Every structure is written in structure tokens, then in C-alpha cells.
Amino acid sequence: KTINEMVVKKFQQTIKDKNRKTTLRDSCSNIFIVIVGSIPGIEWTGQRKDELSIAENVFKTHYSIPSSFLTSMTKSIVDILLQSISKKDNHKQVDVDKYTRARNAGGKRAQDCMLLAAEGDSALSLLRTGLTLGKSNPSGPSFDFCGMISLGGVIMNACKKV
Amino acid sequence: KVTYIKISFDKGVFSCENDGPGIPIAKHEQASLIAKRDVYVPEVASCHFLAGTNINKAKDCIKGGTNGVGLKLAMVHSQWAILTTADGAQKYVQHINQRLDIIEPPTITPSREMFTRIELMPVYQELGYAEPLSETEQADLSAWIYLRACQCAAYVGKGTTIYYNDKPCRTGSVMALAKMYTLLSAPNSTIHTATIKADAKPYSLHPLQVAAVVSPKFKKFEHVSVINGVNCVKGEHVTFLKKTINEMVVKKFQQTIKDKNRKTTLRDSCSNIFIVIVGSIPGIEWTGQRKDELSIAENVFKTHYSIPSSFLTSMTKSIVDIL
Amino acid sequence: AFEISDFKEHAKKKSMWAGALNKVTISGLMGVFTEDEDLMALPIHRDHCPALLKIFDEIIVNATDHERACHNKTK
DNA sequence: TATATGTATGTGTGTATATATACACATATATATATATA
DNA sequence: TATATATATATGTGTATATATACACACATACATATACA
């Protein structure tokens with residue numbers, strides 16, 4: 001709980017998303033801890049002594065975890081949290097929409113292929129009508145060395161968003 | 001048969017009464033030889049540690065009781081207690097007071113009733129509580145006992161009514177239990193149900209009933225288990241369900257995802273699950289008298305039990321949607 | 001039948017004392033294995049008897065109990 | 001261990017019902033973000 | 001408290017696209033549930 005409270009604080013600090021809510025499982029699932037020592041006044045749940053019994057406030061009242069350890073731990077954990085935010089959620093995706101590749105894209109005759117980038121989808125309907133003149137146009141192009149993709153309307157300019 | 005289990009909790013006094021055959025109203029020979037006076041069976045059952053009908057438990061026995069200890073633990077934490085039991089010809093009343101220090105001689109009359117009743121006042125002050133109980137302690141303890149009774153009502157057979165403070169306990173099915181536990185986190189939700197059967201005796205005699213809810217607003221995996229009547233909190237039956245669901249969830253996640261590279265584990269698979277598992281398992285063992293954790297070889301379930309595929313499919317679907 | 005047991009027979013029959021008296025799956029069971037001058041803590045993916053490990057444990061904790069009991073003493 | 005056998009999904013056509021979204025262009029205003037001061 | 005960023009909203013006239021539901025029925029794909037067994 002102590003590590004989690006610090007981890008949540010610094011995660012919301014470091015993240016500029018500022019909305020995501022993580023709990024103890026996110027905080028602690030990358031932790032392995034060894035705790036060794038004596039605690040006076042504890043009790044057990046049976047002879048085996050698998051589980052010790054105590055009021056939680058014993059530690060809230062009496063014990064303090066050194067802040068350097070908490071800080072180190074929170075740092076390592078939030079590094080992983082941001083890596084899983086950059087990754088996991090924002091992982092690898094797939095191919096885009098409205099894309100018809102050529103049969104010879106990225107191969108041994110890759111340089112002699114064209115990308116006929118059109119403006120919408122009715123233009124791609126025209127290009128699909130025209131690149132499939134099979135034997136009525138032996139001198140025209142076809143999909144052996146031509147592709148199709150849509151420009152989505154109006155292109156964003158990059159000369160004033162950089 | 002036992003047709004009812006009446007439980008009550010009022011003004012600190014706690015009572016429980018069942019109606020099958022009573023405890024044998026008869027002299028116990030060896031207990032009397034030890035005590036050098038006349039000792040009857042209910043006095044052994046309630047006042048003699050390591051004593052009962054389960055000292056020699058069978059491998060197929062699905063009673064929770066095993067140690068011959070629990071009842072005397074109740075007596076030892078009682079300021080006063082009353083054991084009443086009738087066998088259809090006699091009634092037997094014995095008072096057991098001062099944390100098992102005063103064991104009054106019993107009173108035996110003719111009666112044609114048949115039942116067992118334990119009635120007692122705990123030592124609330126010795127155990128950290130106010131005397132009498134505060135408003136909050138009373139309400140907390142009543143709620144907890146009420147919960148335990150609901151759990152009984154799902155575990156007990158179909159000819160048996162569970163009463164708490166004279167009202168019958170509603171929850172005769174694991175679905176009722178699931179709805180009770182998720183009424184706030186996830187009202188009006190989908191309840192996946194399964195009856196997990198085995199093919200070989202003794203396991204085939206005891207199907208496990210299962211109800212699960214799957215919600216994005218569940219923060220961690222969570223189960224409620226009544227096994228052999230015990231509200232235990234740890235056991236390889238849970239892990240059996242967890243691992244099976246996870247294997248299917250991983251398969252269909254890699255199928256449905258066209259990313260095809262991400263690797264999820266059991267925490268991802270199961271953190272949105274709430275499961276109720278109720279039933280009997282023969283041959284289990286525990287990690288102490290409290291019976292918090294049952295002990296078993298995992299392969300018992302791998303060899304003998306099968307989770308119905310419709311339940312697995314439903315569950316995997318909900319979980320992969322959330323993922 | 002109502003039976004009265006002694007400690008001895010009870011402890012041989014009942015799992016409340018040290019855990020199960022046969023092999024069960026123990027979650028988190030670990031052991032130390034030596035790999036060329038290096039100690040590694042590795043999982044033991046095999047069922048074992050909790051009561052069997054407990055009889056080692058009981059003596060070992062008796063010894064460490066004696067150690068704490070005597071650590072601020074002369075002997 | 002193969003077999004059927006009764007379950008459950010799933011697009012698809014015409015004529016209907018109700019919605020959703022990206023981009024360009026100028027300028028005034030804004031609300032939080034940032035140095036370095038210290 | 002200060003000088004300084006970098007992103008952020010709204011207006012009219014333009015450029016491009018997206019998506020839910022009903023209705024019938026022949027057809028396609030997915031088990032799965034038994035029933036002889038083995």
C-alpha cells in the first residue's frame with residue numbers, strides 16, 4: 001500500500017494524460033520483495049504458521065519505510081508503467097484502409113512499380129475499372145506494376161505543424 | 001433428513017438448530033471410564049477435544065468436519081452455552097458455562113421431538129468487543145452471519161431451508177450468490193453458469209456449481225468458494241478454473257488480435273472475473289483447523305473434471321471484448 | 001460412532017497439525033539448486049507432503065528460537 | 001472414434017427509419033505551460 | 001511575480017468520407033450431442 005500510494009502520485013505527475021487510474025496490481029505486479037526480521041506480539045492462523053495475524057495500524061502507527069527506498073522503487077515501477085503505456089495499449093497495428101497493393105511491391109522488380117494515389121473512393125472505382133482492361137488494352141497498365149491508395153480528401157500541411 | 005437449519009443472532013446470543021436425527025442420547029463407556037462418572041455422548045461431542053464421528057474419515061467423505069474440535073472451540077469461547085438434543089424418545093439438555101470450566105450434569109426427559117440446538121453467549125469482551133456489543137459491532141456481526149447463512153443456502157440440499165433470525169435465506173443457487181456479491185459493482189449483468197462434472201466415482205457424485213460475472217469495473221480477480229460447506233478462500237479448484245479460462249483466452253486473443261505479437265498472462269485474463277464455486281469435493285485436506293485453504297493435487301481436476309465448453313466460450317468472449 | 005482420540009493417533013490422522021499427510025500441490029514450492037558455484041531458487045513443480053516439510057521446519061524454527069533466546073546472553 | 005443431429009450464427013437483395021466524420025482558410029481570444037530570478 | 005514558449009477554439013465557404021435499424025429466405029459455416037461403439 002505504501003509503494004502504491006507513491007506510485008499513483010508520481011504516475012499522475014509524470015503522465016501528461018492525467019486521467020488514467022491504476023491500482024495495486026498495476027503498481028506491484030513487477031515487484032519481488034524479501035522481508036526478514038522479528039515482529040513482537042504477532043499471532044498465527046494455525047500451528048503451521050502460514051499466516052501471521054496483526055492489526056494493520058501497528059505498521060501505520062509505529063513503522064516508517066525510508067523514503068529513499070520508496071523513491072527508488074516508485075521510479076523503477078513508473079518507468080515500466082510508461083513503457084507499458086507507450087507499449088501494450090499503444091502496440092503495433094496493421095495495414096491501412098482503401099489500399100490495393102501491386103503484385104510486385106518490395107521485391108526484385110520493386111523500383112518499376114507505381115502508386116496511383118487517388119483523392120477518394122469514386123476515383124479508385126474509376127482506376128479499378130481502368131487498370132483491368134484485360135485484352136482490350138495490351139499497352140496499358142494493370143495491377144502487376146500499379147497500386148492504389150486514397151488521399152482522404154485534403155492533405156494536412158506539414159509546413160506549419162513542425 | 002435435515003429439513004431446516006435455523007440460525008439466529010440477537011442481543012449477542014447466537015443459536016443454531018437442525019432437525020435430522022439428534023445426537024445419540026446414550027452413555028459413552030470410554031468417556032465415563034476416563035471421567036470416573038456418567039458421561040453421555042453429547043457431552044463428549046461438546047466438551048472432549050479430539051472427539052467426534054470423523055476421527056476416522058473416509059476418503060469419499062464430503063463433510064467439513066474432521067478434527068473433533070470445532071464444537072469445543074465454540075464452548076471454550078462461550079460465557080454460557082446450552083446443548084439441547086432430542087432423538088424422538090428422549091430430550092437431553094446440558095449447560096456448559098465459563099469457557100468449558102462448568103459442565104453441569106445433563107437433564108434427560110421423554111420427548112418425541114428430534115433435533116439439535118446449540119445456544120450460546122460468546123465472550124465478546126475477552127475477544128476485543130464492547131459489552132454489550134456496540135451498534136456497529138452488532139450490525140457487522142449480523143451481516144457476516146447473514147452472509148454465511150446465504151452461503152449455506154446455496155450449498156445445502158434442496159429439501160433443506162436455511163433460516164437466519166427466522167427469515168428464510170433467499171440464495172439457493174450460485175447465480176443468486178453471484179448476483180448478491182455483484183449487485184453494486186455490476187448490477188444487471190450477465191451471469192455465466194456451469195456445472196462441472198467428473199466421470200469417475202467418487203468425484204462424479206459431486207458436481208461443482210459455478211457462476212461468474214465479467215466486468216471491466218472489476219479491479220482484481222475475486223472468488224467466493226463454499227467447498228464441503230466451508231467458506232474457504234484458497235484452493236486449487238480456483239486455479240483449475242483460472243488456468244483453463246486463461247488458456248482459452250490467450251488462444252482467442254491471439255486469434256482476434258491482428259497484432260499477433262502481444263503476450264498476456266493470467267492476471268490479464270482473470271482480473272475482470274468474479275466467480276462463485278459451490279459444492280463437494282471428496283478426499284480434500286486443510287492447512288489448519290480454520291480450514292482457510294484446501295489441499296489437493298492439481299491433477300485431480302486435470303484427470304477427472306471437465307469445464308463445459310459453452311461456459312468457457314462465453315467467458316472467453318466477454319474477457320477478450322474487455323481486453 | 002463417537003470416538004475419543006489421543007494426541008498421537010490424532011496427529012497421525014489429521015491435517016490440522018502440520019498440513020496434509022500426503023502429497024498435494026503446494027503453491028509457491030521452491031528449492032535451492034547449485035549451478036556451478038551459484039545458488040538459484042527454483043520452483044518445484046511436483047506435489048509434496050506439507051506435513052513432511054513441517055517436521056523439518058519445526059526443528060529448524062526451534063533452533064532459531066534458541067538462537068534469538070541466547071543472543072543477548074553469555075552462552 | 002467415427003458418425004449424424006439438433007442446435008446456433010451469418011451475409012444478402014430493395015425499400016424504408018434514424019444518425020456520424022476528416023480537411024482548408026484568418027484572426028482574436030484563451031487556459032494552462034514554462035524559464036530563471038531568487 | 002515575472003518573460004517566454006507550445007498547443008488550443010470559433011467563424012463561412014469549400015474539399016473528401018463514415019454508420020445503426022426493419023423485412024424474407026435459400027445457403028454457408030460452427031459445433032455438439034448423442035450412439036453404436038471402441
# chains A, B, ... in the order shown; residues from 1 in each chain; ligands from 1
call {"tool": "interface_residues", "arguments": {"of": "chain C", "to": "chain A", "cutoff": "10 Å", "atoms": "only C-alpha atoms", "output": "ChimeraX atom specification"}}
result
/C:16-19,50-51,54,57-58,68
call {"tool": "residues_around", "arguments": {"residues": "range 20-32 of chain E", "least_positions_apart": "3", "cutoff": "12 Å", "atoms": "only C-alpha atoms (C1' of nucleotides)", "output": "count of residues only"}}
result
22
call {"tool": "residues_around", "arguments": {"residues": "residue 116 in chain A", "least_positions_apart": "2", "cutoff": "8 Å", "atoms": "only C-alpha atoms (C1' of nucleotides)", "output": "list in words"}}
result
residues 114, 118, 146, 147, 148 and 149 of chain A
call {"tool": "interface_residues", "arguments": {"of": "chain E", "to": "chain A", "cutoff": "10 Å", "atoms": "only C-alpha atoms (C1' of nucleotides)", "output": "list in words"}}
result
residues 15, 16 and 17 of chain E
call {"tool": "select_by_dssp", "arguments": {"residues": "range 40-154 of chain A", "states": "helix (DSSP H, G or I)", "output": "NGL selection string"}}
result
:A and (57-62 or 67-86 or 88-90 or 122-130)
call {"tool": "residues_around", "arguments": {"residues": "residue 65 in chain A", "least_positions_apart": "3", "cutoff": "10 Å", "atoms": "only C-alpha atoms (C1' of nucleotides)", "output": "count of residues only"}}
result
6
call {"tool": "atom_distance", "arguments": {"atom1": "CA of residue 150 in chain B", "atom2": "CA of residue 204 in chain B"}}
result
25.5 Å
call {"tool": "interface_residues", "arguments": {"of": "chain B", "to": "chain C", "cutoff": "7 Å", "atoms": "only C-alpha atoms", "output": "tab-separated table (two decimals) with C-alpha atoms, in the first residue's frame"}}
result
chain	number	residue	atom	x	y	z
B	50	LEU	CA	-10.33	-34.54	19.56
B	51	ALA	CA	-13.64	-36.36	19.72
B	52	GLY	CA	-16.45	-36.93	17.23
B	53	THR	CA	-17.67	-39.13	14.42
B	55	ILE	CA	-11.78	-39.17	13.71
B	67	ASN	CA	-10.92	-32.93	13.78
B	285	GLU	CA	-7.36	-31.83	3.32
B	286	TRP	CA	-6.81	-28.47	5.01
B	287	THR	CA	-3.91	-26.33	6.24
B	288	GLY	CA	-5.33	-25.96	9.77
B	289	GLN	CA	-8.47	-26.16	11.87
B	295	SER	CA	-5.07	-29.06	-0.05
B	296	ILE	CA	-5.23	-31.28	-3.13
B	297	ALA	CA	-3.20	-32.40	-6.13
B	298	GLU	CA	-3.94	-30.14	-9.12
call {"tool": "atom_distance", "arguments": {"atom1": "CA of residue 157 in chain A", "atom2": "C1' of residue 33 in chain D"}}
result
25.4 Å
call {"tool": "closest_atom_pairs", "arguments": {"of": "chain D", "to": "chain A", "cutoff": "9 Å", "atoms": "only C-alpha atoms (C1' of nucleotides)", "output": "tab-separated table"}}
result
residue	atom	partner	partner_atom	distance
D:22	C1'	A:152	CA	7.2
D:23	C1'	A:154	CA	4.7
D:24	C1'	A:154	CA	7.6
call {"tool": "residues_around", "arguments": {"residues": "residue 19 in chain B", "least_positions_apart": "2", "cutoff": "7 Å", "atoms": "only C-alpha atoms (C1' of nucleotides)", "output": "JSON, numbers by chain"}}
result
{"B": [2, 3, 4, 17, 21, 114, 115, 116]}
call {"tool": "select_by_dssp", "arguments": {"residues": "chain C", "states": "strand (DSSP E)", "output": "MDAnalysis selection string"}}
result
chainID C and resid 3:4 30:34 39:43
call {"tool": "residues_around", "arguments": {"residues": "range 214-224 of chain B", "least_positions_apart": "6", "cutoff": "6 Å", "atoms": "only C-alpha atoms (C1' of nucleotides)", "output": "VMD selection string"}}
result
chain B and resid 270 to 276
call {"tool": "residues_around", "arguments": {"residues": "residue 104 in chain A", "least_positions_apart": "4", "cutoff": "9 Å", "atoms": "only C-alpha atoms (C1' of nucleotides)", "output": "list in words"}}
result
residues 108, 109, 110, 112, 113, 143, 144, 145 and 146 of chain A
call {"tool": "closest_residue", "arguments": {"among": "B:173, B:280, B:185, B:142", "to": "residue 11 in chain B", "atoms": "only C-alpha atoms"}}
result
B:142
call {"tool": "closest_residue", "arguments": {"among": "A:32, A:98, A:60, A:141", "to": "residue 73 in chain A", "atoms": "only C-alpha atoms"}}
result
A:32
call {"tool": "atom_distance", "arguments": {"atom1": "CA of residue 86 in chain B", "atom2": "CA of residue 108 in chain B"}}
result
9.4 Å
call {"tool": "decode", "arguments": {"residues": "range 10-58 of chain C", "atoms": "N, CA and C atoms", "output": "PDB file, in the first residue's frame"}}
result
ATOM      1  N   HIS C  10      -4.392 -38.808  16.755  1.00  0.00           N
ATOM      2  CA  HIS C  10      -4.938 -37.629  16.097  1.00  0.00           C
ATOM      3  C   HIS C  10      -3.934 -37.034  15.111  1.00  0.00           C
ATOM      4  N   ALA C  11      -2.711 -36.763  15.580  1.00  0.00           N
ATOM      5  CA  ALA C  11      -1.690 -36.131  14.752  1.00  0.00           C
ATOM      6  C   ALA C  11      -1.316 -37.000  13.563  1.00  0.00           C
ATOM      7  N   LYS C  12      -1.393 -38.324  13.712  1.00  0.00           N
ATOM      8  CA  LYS C  12      -1.168 -39.182  12.548  1.00  0.00           C
ATOM      9  C   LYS C  12      -2.325 -39.131  11.543  1.00  0.00           C
ATOM     10  N   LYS C  13      -3.569 -38.905  11.999  1.00  0.00           N
ATOM     11  CA  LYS C  13      -4.719 -38.937  11.091  1.00  0.00           C
ATOM     12  C   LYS C  13      -5.131 -37.568  10.544  1.00  0.00           C
ATOM     13  N   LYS C  14      -4.820 -36.475  11.238  1.00  0.00           N
ATOM     14  CA  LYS C  14      -5.462 -35.193  10.989  1.00  0.00           C
ATOM     15  C   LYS C  14      -4.479 -34.174  10.436  1.00  0.00           C
ATOM     16  N   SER C  15      -4.931 -33.431   9.434  1.00  0.00           N
ATOM     17  CA  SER C  15      -4.108 -32.448   8.745  1.00  0.00           C
ATOM     18  C   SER C  15      -4.047 -31.089   9.452  1.00  0.00           C
ATOM     19  N   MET C  16      -4.771 -30.888  10.564  1.00  0.00           N
ATOM     20  CA  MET C  16      -4.788 -29.570  11.201  1.00  0.00           C
ATOM     21  C   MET C  16      -3.462 -29.225  11.866  1.00  0.00           C
ATOM     22  N   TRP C  17      -2.600 -30.213  12.096  1.00  0.00           N
ATOM     23  CA  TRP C  17      -1.389 -30.013  12.870  1.00  0.00           C
ATOM     24  C   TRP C  17      -0.243 -29.502  12.009  1.00  0.00           C
ATOM     25  N   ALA C  18      -0.024 -30.128  10.867  1.00  0.00           N
ATOM     26  CA  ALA C  18       1.132 -29.789  10.053  1.00  0.00           C
ATOM     27  C   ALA C  18       0.794 -29.625   8.584  1.00  0.00           C
ATOM     28  N   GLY C  19      -0.485 -29.677   8.213  1.00  0.00           N
ATOM     29  CA  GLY C  19      -0.886 -29.748   6.820  1.00  0.00           C
ATOM     30  C   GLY C  19      -1.173 -31.183   6.395  1.00  0.00           C
ATOM     31  N   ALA C  20      -1.448 -31.318   5.091  1.00  0.00           N
ATOM     32  CA  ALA C  20      -1.819 -32.594   4.504  1.00  0.00           C
ATOM     33  C   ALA C  20      -0.756 -33.659   4.772  1.00  0.00           C
ATOM     34  N   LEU C  21      -1.227 -34.894   5.012  1.00  0.00           N
ATOM     35  CA  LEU C  21      -0.397 -36.052   5.332  1.00  0.00           C
ATOM     36  C   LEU C  21      -0.128 -36.911   4.106  1.00  0.00           C
ATOM     37  N   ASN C  22      -0.307 -36.334   2.924  1.00  0.00           N
ATOM     38  CA  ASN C  22       0.005 -36.990   1.663  1.00  0.00           C
ATOM     39  C   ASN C  22       0.451 -35.899   0.708  1.00  0.00           C
ATOM     40  N   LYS C  23       0.795 -36.288  -0.508  1.00  0.00           N
ATOM     41  CA  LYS C  23       1.290 -35.312  -1.462  1.00  0.00           C
ATOM     42  C   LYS C  23       0.134 -34.530  -2.060  1.00  0.00           C
ATOM     43  N   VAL C  24       0.269 -33.215  -2.011  1.00  0.00           N
ATOM     44  CA  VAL C  24      -0.661 -32.295  -2.626  1.00  0.00           C
ATOM     45  C   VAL C  24       0.159 -31.242  -3.366  1.00  0.00           C
ATOM     46  N   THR C  25      -0.538 -30.454  -4.173  1.00  0.00           N
ATOM     47  CA  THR C  25       0.086 -29.346  -4.871  1.00  0.00           C
ATOM     48  C   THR C  25       0.263 -28.199  -3.897  1.00  0.00           C
ATOM     49  N   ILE C  26       1.515 -27.830  -3.664  1.00  0.00           N
ATOM     50  CA  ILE C  26       1.893 -26.741  -2.780  1.00  0.00           C
ATOM     51  C   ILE C  26       2.246 -25.552  -3.666  1.00  0.00           C
ATOM     52  N   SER C  27       1.421 -24.516  -3.624  1.00  0.00           N
ATOM     53  CA  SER C  27       1.655 -23.350  -4.461  1.00  0.00           C
ATOM     54  C   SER C  27       2.844 -22.569  -3.922  1.00  0.00           C
ATOM     55  N   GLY C  28       3.743 -22.171  -4.821  1.00  0.00           N
ATOM     56  CA  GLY C  28       4.945 -21.454  -4.433  1.00  0.00           C
ATOM     57  C   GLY C  28       6.076 -22.310  -3.901  1.00  0.00           C
ATOM     58  N   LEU C  29       5.977 -23.639  -4.010  1.00  0.00           N
ATOM     59  CA  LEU C  29       7.036 -24.517  -3.528  1.00  0.00           C
ATOM     60  C   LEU C  29       8.345 -24.223  -4.253  1.00  0.00           C
ATOM     61  N   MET C  30       9.395 -23.928  -3.488  1.00  0.00           N
ATOM     62  CA  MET C  30      10.703 -23.565  -4.024  1.00  0.00           C
ATOM     63  C   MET C  30      11.787 -24.424  -3.380  1.00  0.00           C
ATOM     64  N   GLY C  31      12.939 -24.483  -4.049  1.00  0.00           N
ATOM     65  CA  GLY C  31      14.112 -25.141  -3.505  1.00  0.00           C
ATOM     66  C   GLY C  31      15.354 -24.456  -4.039  1.00  0.00           C
ATOM     67  N   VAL C  32      16.486 -24.734  -3.404  1.00  0.00           N
ATOM     68  CA  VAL C  32      17.760 -24.152  -3.812  1.00  0.00           C
ATOM     69  C   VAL C  32      18.568 -25.214  -4.544  1.00  0.00           C
ATOM     70  N   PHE C  33      19.013 -24.877  -5.750  1.00  0.00           N
ATOM     71  CA  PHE C  33      19.813 -25.772  -6.567  1.00  0.00           C
ATOM     72  C   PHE C  33      21.123 -25.079  -6.907  1.00  0.00           C
ATOM     73  N   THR C  34      22.213 -25.839  -6.869  1.00  0.00           N
ATOM     74  CA  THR C  34      23.532 -25.301  -7.156  1.00  0.00           C
ATOM     75  C   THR C  34      23.824 -25.502  -8.633  1.00  0.00           C
ATOM     76  N   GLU C  35      24.149 -24.409  -9.317  1.00  0.00           N
ATOM     77  CA  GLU C  35      24.628 -24.435 -10.697  1.00  0.00           C
ATOM     78  C   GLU C  35      25.970 -23.718 -10.709  1.00  0.00           C
ATOM     79  N   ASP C  36      27.028 -24.521 -10.775  1.00  0.00           N
ATOM     80  CA  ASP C  36      28.407 -24.054 -10.840  1.00  0.00           C
ATOM     81  C   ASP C  36      28.644 -22.855  -9.935  1.00  0.00           C
ATOM     82  N   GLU C  37      28.794 -23.125  -8.643  1.00  0.00           N
ATOM     83  CA  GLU C  37      29.076 -22.104  -7.639  1.00  0.00           C
ATOM     84  C   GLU C  37      28.030 -20.993  -7.602  1.00  0.00           C
ATOM     85  N   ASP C  38      26.801 -21.245  -8.057  1.00  0.00           N
ATOM     86  CA  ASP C  38      25.752 -20.240  -7.918  1.00  0.00           C
ATOM     87  C   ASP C  38      24.505 -20.892  -7.346  1.00  0.00           C
ATOM     88  N   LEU C  39      23.956 -20.291  -6.299  1.00  0.00           N
ATOM     89  CA  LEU C  39      22.701 -20.757  -5.731  1.00  0.00           C
ATOM     90  C   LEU C  39      21.546 -20.117  -6.499  1.00  0.00           C
ATOM     91  N   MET C  40      20.598 -20.942  -6.960  1.00  0.00           N
ATOM     92  CA  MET C  40      19.381 -20.463  -7.611  1.00  0.00           C
ATOM     93  C   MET C  40      18.166 -20.999  -6.872  1.00  0.00           C
ATOM     94  N   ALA C  41      17.197 -20.122  -6.615  1.00  0.00           N
ATOM     95  CA  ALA C  41      15.905 -20.522  -6.076  1.00  0.00           C
ATOM     96  C   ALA C  41      14.998 -20.864  -7.252  1.00  0.00           C
ATOM     97  N   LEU C  42      14.607 -22.128  -7.346  1.00  0.00           N
ATOM     98  CA  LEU C  42      13.817 -22.600  -8.464  1.00  0.00           C
ATOM     99  C   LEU C  42      12.513 -23.206  -7.972  1.00  0.00           C
ATOM    100  N   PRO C  43      11.450 -23.123  -8.772  1.00  0.00           N
ATOM    101  CA  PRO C  43      10.189 -23.772  -8.394  1.00  0.00           C
ATOM    102  C   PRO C  43      10.317 -25.287  -8.422  1.00  0.00           C
ATOM    103  N   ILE C  44       9.590 -25.946  -7.518  1.00  0.00           N
ATOM    104  CA  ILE C  44       9.431 -27.399  -7.544  1.00  0.00           C
ATOM    105  C   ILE C  44       7.999 -27.687  -7.985  1.00  0.00           C
ATOM    106  N   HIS C  45       7.837 -28.013  -9.279  1.00  0.00           N
ATOM    107  CA  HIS C  45       6.538 -28.302  -9.902  1.00  0.00           C
ATOM    108  C   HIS C  45       6.089 -29.728  -9.681  1.00  0.00           C
ATOM    109  N   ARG C  46       6.230 -30.229  -8.464  1.00  0.00           N
ATOM    110  CA  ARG C  46       5.857 -31.593  -8.137  1.00  0.00           C
ATOM    111  C   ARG C  46       5.159 -31.568  -6.791  1.00  0.00           C
ATOM    112  N   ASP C  47       4.110 -32.375  -6.653  1.00  0.00           N
ATOM    113  CA  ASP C  47       3.399 -32.456  -5.384  1.00  0.00           C
ATOM    114  C   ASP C  47       4.316 -32.992  -4.283  1.00  0.00           C
ATOM    115  N   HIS C  48       4.159 -32.442  -3.077  1.00  0.00           N
ATOM    116  CA  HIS C  48       4.917 -32.907  -1.926  1.00  0.00           C
ATOM    117  C   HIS C  48       4.021 -32.881  -0.707  1.00  0.00           C
ATOM    118  N   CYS C  49       4.527 -33.458   0.382  1.00  0.00           N
ATOM    119  CA  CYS C  49       3.720 -33.616   1.576  1.00  0.00           C
ATOM    120  C   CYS C  49       3.976 -32.454   2.521  1.00  0.00           C
ATOM    121  N   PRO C  50       3.000 -31.569   2.735  1.00  0.00           N
ATOM    122  CA  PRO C  50       3.231 -30.439   3.648  1.00  0.00           C
ATOM    123  C   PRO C  50       3.688 -30.873   5.040  1.00  0.00           C
ATOM    124  N   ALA C  51       3.055 -31.901   5.628  1.00  0.00           N
ATOM    125  CA  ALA C  51       3.446 -32.353   6.963  1.00  0.00           C
ATOM    126  C   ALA C  51       4.914 -32.801   6.999  1.00  0.00           C
ATOM    127  N   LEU C  52       5.386 -33.439   5.915  1.00  0.00           N
ATOM    128  CA  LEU C  52       6.791 -33.834   5.830  1.00  0.00           C
ATOM    129  C   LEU C  52       7.729 -32.622   5.905  1.00  0.00           C
ATOM    130  N   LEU C  53       7.410 -31.548   5.177  1.00  0.00           N
ATOM    131  CA  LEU C  53       8.233 -30.348   5.267  1.00  0.00           C
ATOM    132  C   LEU C  53       8.097 -29.696   6.638  1.00  0.00           C
ATOM    133  N   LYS C  54       6.927 -29.846   7.271  1.00  0.00           N
ATOM    134  CA  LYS C  54       6.722 -29.227   8.576  1.00  0.00           C
ATOM    135  C   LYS C  54       7.592 -29.859   9.643  1.00  0.00           C
ATOM    136  N   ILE C  55       7.862 -31.164   9.552  1.00  0.00           N
ATOM    137  CA  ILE C  55       8.682 -31.727  10.626  1.00  0.00           C
ATOM    138  C   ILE C  55      10.124 -31.218  10.529  1.00  0.00           C
ATOM    139  N   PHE C  56      10.653 -30.992   9.317  1.00  0.00           N
ATOM    140  CA  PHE C  56      11.912 -30.249   9.203  1.00  0.00           C
ATOM    141  C   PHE C  56      11.772 -28.840   9.781  1.00  0.00           C
ATOM    142  N   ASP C  57      10.696 -28.152   9.390  1.00  0.00           N
ATOM    143  CA  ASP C  57      10.515 -26.764   9.784  1.00  0.00           C
ATOM    144  C   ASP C  57      10.434 -26.600  11.296  1.00  0.00           C
ATOM    145  N   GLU C  58       9.743 -27.517  11.980  1.00  0.00           N
ATOM    146  CA  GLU C  58       9.531 -27.372  13.415  1.00  0.00           C
ATOM    147  C   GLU C  58      10.855 -27.388  14.168  1.00  0.00           C
TER     148      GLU C  58
END
